[PDB]
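Residue numbers (the authors' numbering), protein chains in the order written: chain Bt, 223 to 320; chain Bs, 2A, 3 to 151; chain Br, 35 to 79, 88 to 142; chain BG, 82 to 156; chain Be, 9 to 102; chain BZ, 53 to 205; chain BY, 101 to 149; chain BR, 2 to 178. Positions of the beta carbon are idealized from the N, C-alpha and C atoms, including for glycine. Below: the structure, in structure tokens.
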Amino acid sequence: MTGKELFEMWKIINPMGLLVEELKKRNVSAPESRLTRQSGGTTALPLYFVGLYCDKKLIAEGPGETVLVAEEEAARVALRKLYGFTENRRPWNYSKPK
Amino acid sequence: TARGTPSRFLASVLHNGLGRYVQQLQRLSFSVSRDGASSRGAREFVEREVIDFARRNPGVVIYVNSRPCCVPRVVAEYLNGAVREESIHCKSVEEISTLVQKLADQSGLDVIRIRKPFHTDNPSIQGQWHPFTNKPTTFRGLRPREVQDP
Amino acid sequence: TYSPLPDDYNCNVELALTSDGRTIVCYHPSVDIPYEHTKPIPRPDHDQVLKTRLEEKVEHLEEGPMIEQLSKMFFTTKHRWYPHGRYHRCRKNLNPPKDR
Amino acid sequence: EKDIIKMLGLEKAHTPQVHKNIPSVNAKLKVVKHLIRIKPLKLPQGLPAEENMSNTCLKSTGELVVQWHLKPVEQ
Amino acid sequence: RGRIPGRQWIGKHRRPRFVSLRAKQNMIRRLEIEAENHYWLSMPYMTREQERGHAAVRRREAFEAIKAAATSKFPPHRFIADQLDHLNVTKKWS
Amino acid sequence: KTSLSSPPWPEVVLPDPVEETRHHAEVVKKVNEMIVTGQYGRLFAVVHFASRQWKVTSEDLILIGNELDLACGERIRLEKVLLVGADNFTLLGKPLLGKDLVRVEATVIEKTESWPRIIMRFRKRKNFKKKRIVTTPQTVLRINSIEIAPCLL
Amino acid sequence: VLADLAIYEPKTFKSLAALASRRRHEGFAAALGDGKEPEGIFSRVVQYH
Amino acid sequence: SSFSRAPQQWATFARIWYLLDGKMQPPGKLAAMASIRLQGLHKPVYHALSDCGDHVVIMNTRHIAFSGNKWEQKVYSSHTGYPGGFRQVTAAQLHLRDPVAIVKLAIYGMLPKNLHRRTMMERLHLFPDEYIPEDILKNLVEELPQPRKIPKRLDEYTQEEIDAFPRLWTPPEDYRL
RNA sequence: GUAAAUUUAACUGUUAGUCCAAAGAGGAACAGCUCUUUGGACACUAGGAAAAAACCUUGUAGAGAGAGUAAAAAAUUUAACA
Ligand SMILES: [K+]
Ligand SMILES: [Mg+2]
Ligand SMILES: [Mg+2]
Ligand SMILES: [Mg+2]
Ligand SMILES: [Mg+2]
Ligand SMILES: [Mg+2]
Ligand SMILES: [Mg+2]
Ligand SMILES: [Mg+2]
Ligand SMILES: [Mg+2]
């Protein structure tokens, strides 16, 4: 699991649906998707950054070529932060046990 | 040249050295000649050096076969499946010992050009740069020359 | 009220020195995009008798007009969309090395 | 000028060389004074002794320090 | 339309060359270095009379080493073992 | 007030050193408390090894261009660390961080040699042509872990 | 390393940019000052012996 | 950033549309700003073979300003190939004939002299006036600051600024002026 | 201050020369001209003066995805008058 991502190993369908259920277990309001960044909307190579906001507080943000794809990516980023599988998380401790 | 030869990125076998180090050398097959003049150094290596070398490398199986041959050779086989055959023709005992020790220290990957003298599966910790990394946001996300509530 | 750089686009940079002065400590927490600086996503996009069938509107175009369409679509020149001979196709490495 | 540079042991550029401040040595320096940088040697702690021969360093200021600990000063 | 007759940097008619701002600074920088060299050559530690003979002993001994090395040239020794070890090329296992 | 009456750049007033010294202590203590409570994830470091500065993190690989006189599998500590950083804080040396502050350890996993390198010389119309092939020894190091201790005072 | 830090550690690079900007401003104050003030906090040099 | 591999690469190498206002601005300073963005030289991830260029939109190219007498001195010359087809026109004549030619030629000369330059020009959009197509407007991202500060005319100064500047001399009371 | 020098033994090749700086001669105080002298460079490396044998910087050889430097960018805009 050195370079592998969480969802590259755990394949899921509709991450947004799973994200909503996780927040309900944590008594957190439903996230709201908004466009934080946008570039080349009318062109063939767009860029969108969709941010998920709970109680008007940013929890995750994700890029994508379309709003639907970027929103799905943001849900994956939110799940990674909630589950602790961030890219910059603490590396596995392979040292000898004390 | 680099264009006329293959290339690869720096890597290891099964992330060797991360949890534990496993010697990638797996097998050494020597072919020495009893009477061959070019195998004089090979015979010297077998008499006094291969026995001590086997003690220091319990994980490497060494096969010494004494058969008539004009060019003695040593075949090194690694865990990843790579097979490397090296000639010890008219080599002294010291040169053979250096060559054998060189084979033990190698990972078995192809000895070709390596594009980068470093490898990392997590090159970024704070987040890879994108064009909006250092761009401030505007109120209501209005684009330049955009009118709100027309 | 002095700040070496604005703290409104990337992170809040705070510079400090230890007591001995041998170490520079930088505290740069990330900045979150405010809710007020975001646009809502564009969620919104007859008694017909016959079932609505999918209609193929992709009409074939000649080599000339197609490349003009491709060049304008991606803002490139026409030269990229012309083919190349077998000599260059066979030289391409179909299994290039991959890093991470 | 090429020969005098060899006599003074200045074959390699940017390599400091120590010479005595005597008229005969200065006579050679005057010939190639346009090819060299001349600085006086400073001894803040005096000449190196047998005990600290191996702990000497020539700083960019022309000072030869007899102690070189590679540590920051505590002051 | 503007061409230099013959070669550019040689001849009666040459392409003009002009001194840039950094070209002057580089020359002045080297002039300052040589000016300081003039100062440090103005204060000899000893006079010529005092200097005389103060290193004659070392210079003579240095040349005697050169003479000794020059006159020490001779063919190297030859050993029986070196000649006999050539028989090992036909050494074989029993 | 004219166009050249004042310099184009705006005036800059540096903070009071007496007040800023207190501010620096607060920042150092804040970052030091993060290390005590372990409020950091993956750490990246810039180490000076074999005349070159390598930006490394845990589980990385570096290809040194010379033999290190070390058996394969031996673990060594890189004592020259110019920078250690996290997701929120970064420590800078002047020019090197203290040994007690940061500890970087690496493992020797491969001792090999480079691919053959062609060294060719050629001068036209002079019958000048020589060829040499060189294989430089190499050592592969795997960065195992990067550890920081609360030594910021 | 700075090129790598610019691409993969933008937050660290901004701190380096801010540090250079702060040191640059301290140099300007020193030039304008007559020398009757202490050195800048980031302008101090660690001496080695 | 904990992004997936495909979106992470897409975000880094995305194209950004920049808007530059050329009113009362020298074309060369506009060209220098545009040239950097077109080549991708403003990105830390820049490389010649990475094709990291961006789109530059310049408006009010008809209202550019030339320092000195460059309107009457600067000459744009080209040859049609046929004998006697050497045409030389001043900057003033070229500007009136084509309002976007002066800025276009300045940007074209600053780009690298290779086969990527013509592609980079396809990302450059020039408009003589404030009119910009709706599609071009909808994809704009950031407006670059004007390289030159436009000086204010005498009548643009407020009374407070006029009162602030002191009178320097006392004219004679009997002078006709 | 330096490490070369002479002698003895055995030979080959070079003996059709270019520019620059300097003192001169011939020509016309012409030549990328011709002839001597002092020195440099070229006929060997690399950087620079745009391209560049002769100007400038720099030489002793390998590997590096380190670093400090050397030479190194052209300046200038003018006619009133008792
Ligand atoms: K000429
Ligand atoms: Mg010519
Ligand atoms: Mg074209
Ligand atoms: Mg002869
Ligand atoms: Mg001649
Ligand atoms: Mg000569
Ligand atoms: Mg010849
Ligand atoms: Mg050249
Ligand atoms: Mg050298």
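Compute the beta-carbon to beta-carbon distance between residue i and residue j, rounded to the nearest angstrom, for a pair I have assumed lies under 8 Å.
i: BZ/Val133; j: BZ/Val154; result: 5 Å
i: BR/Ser51; j: Bt/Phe229; result: With a Cβ gap of about 27 Å, BR/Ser51 and Bt/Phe229 do not count as contacting.
i: Bt/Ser255; j: Bt/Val272; result: 5 Å
i: BR/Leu112; j: BR/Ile59; result: About 14 Å separates the two Cβ atoms, so there is no contact after all.
i: BR/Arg16; j: Bt/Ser261; result: 7 Å
i: Br/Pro38; j: BY/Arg122; result: 5 Å
i: BG/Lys114; j: Be/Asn45; result: 5 Å
i: BZ/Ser110; j: BZ/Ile198; result: 6 Å
i: Bs/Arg146; j: BR/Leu141; result: 7 Å
i: BR/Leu145; j: BR/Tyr19; result: 5 Å
i: BR/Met25; j: BR/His56; result: At roughly 23 Å, the Cβ-Cβ gap does not stay under 8 Å, so BR/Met25 and BR/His56 are not in contact.
i: Bt/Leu274; j: Bt/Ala300; result: 5 Å
i: BZ/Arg94; j: Bs/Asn66; result: Going by Cβ atoms, the distance from BZ/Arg94 to Bs/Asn66 rounds to 51 Å, so no, they are not a contact pair.
Relative to the C-alpha of residue i, which residue among the options is closest?
i: BG/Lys83; options: BG/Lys152, BG/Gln126 and BG/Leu116; result: BG/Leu116
i: BZ/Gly150; options: BZ/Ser103, BZ/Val186 and BZ/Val99; result: BZ/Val99
i: Bt/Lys279; options: Bt/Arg302, Bt/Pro253, Bt/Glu294 and Bt/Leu267; result: Bt/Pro253
i: Bs/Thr2A; options: BZ/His75, BZ/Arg169 and BZ/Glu72; result: BZ/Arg169
i: BZ/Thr142; options: BY/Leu102, BY/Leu116, BY/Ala103 and BY/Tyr108; result: BY/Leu116
i: Br/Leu51; options: BZ/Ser58, BZ/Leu66 and BZ/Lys81; result: BZ/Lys81
i: Bs/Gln27; options: Bs/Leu80, Bs/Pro137, Bs/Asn66 and Bs/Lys92; result: Bs/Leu80
i: BR/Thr120; options: BR/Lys44, BR/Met25, BR/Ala49 and BR/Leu20; result: BR/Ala49
i: Bt/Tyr316; options: Bs/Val148, Bs/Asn17 and Bs/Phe140; result: Bs/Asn17
i: BZ/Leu56; options: BR/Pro152, BR/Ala32, BR/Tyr132 and BR/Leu178; result: BR/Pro152
Can you name the start and end residues of the beta strand (DSSP E) that residue i belongs to?
i: BZ/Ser197; result: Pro189 to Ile200
i: Bs/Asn66; result: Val62 to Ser67
i: Br/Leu49; result: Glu48 to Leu51
i: BZ/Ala97; result: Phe96 to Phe101
i: BR/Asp22; result: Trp18 to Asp22
i: BR/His80; result: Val76 to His80
i: Bt/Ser255; result: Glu254 to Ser261
i: residue 179 of chain BR; result: Limits of chain BR in this structure are 2 at one end and 178 at the other, which puts residue 179 of chain BR out of reach.
i: BR/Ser5; result: Looking at the DSSP string, BR/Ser5 is not in any beta strand (DSSP E), and its letter there is neither H nor E.
i: Bs/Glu78; result: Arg74 to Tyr79
i: BZ/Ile161; result: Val154 to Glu165
For the alpha helix (DSSP H) that contains residue i, what are its first and last residues?
i: BR/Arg118; result: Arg118 to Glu123
i: BG/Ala94; result: Unbroken run through BG/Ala94: none, as it is neither H nor E.
i: BY/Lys114; result: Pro110 to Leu132
i: Bs/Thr99; result: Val94 to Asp106
i: BZ/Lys82; result: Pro69 to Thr89
i: Bs/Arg41; result: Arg41 to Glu45
i: Bt/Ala282; result: Counting along the chain, Bt/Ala282 falls outside any alpha helix (DSSP H), though it belongs to the beta strand (DSSP E) covering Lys279 to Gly286.
i: BR/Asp136; result: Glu135 to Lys139
Suppose the cutoff is 8 Å on Cβ atoms and the five residues either side in sequence are ignored; what does the same chain contact list for residue i look like?
i: Bs/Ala83; result: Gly109, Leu110 and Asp111
i: BZ/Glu165; result: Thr187, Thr188, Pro189 and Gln190
i: BZ/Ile87; result: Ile200, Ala201, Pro202 and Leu204
i: BR/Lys71; result: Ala92
Could you tell me if residue i is buried or exposed, where buried requires 16 or more neighbouring beta carbons within 10 angstroms of its beta carbon?
i: BY/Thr112; result: buried
i: BR/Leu125; result: buried
i: BR/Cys53; result: buried
i: Bs/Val61; result: buried
For residue i, which residues of its own chain have a beta-carbon under 7 Å away from its beta-carbon, when the five flanking residues on both sides are left out?
i: Bs/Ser13; result: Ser108
i: Bs/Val72; result: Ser39, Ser88 and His90
i: BR/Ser79; result: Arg88
What residues in its chain sit with their C-beta under 6 Å from that of residue i, if we drop five residues either side in the sequence?
i: Bs/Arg85; result: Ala77
i: BG/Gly90; result: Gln98
i: Bt/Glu287; result: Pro268
i: Bt/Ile281; result: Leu274 and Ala300
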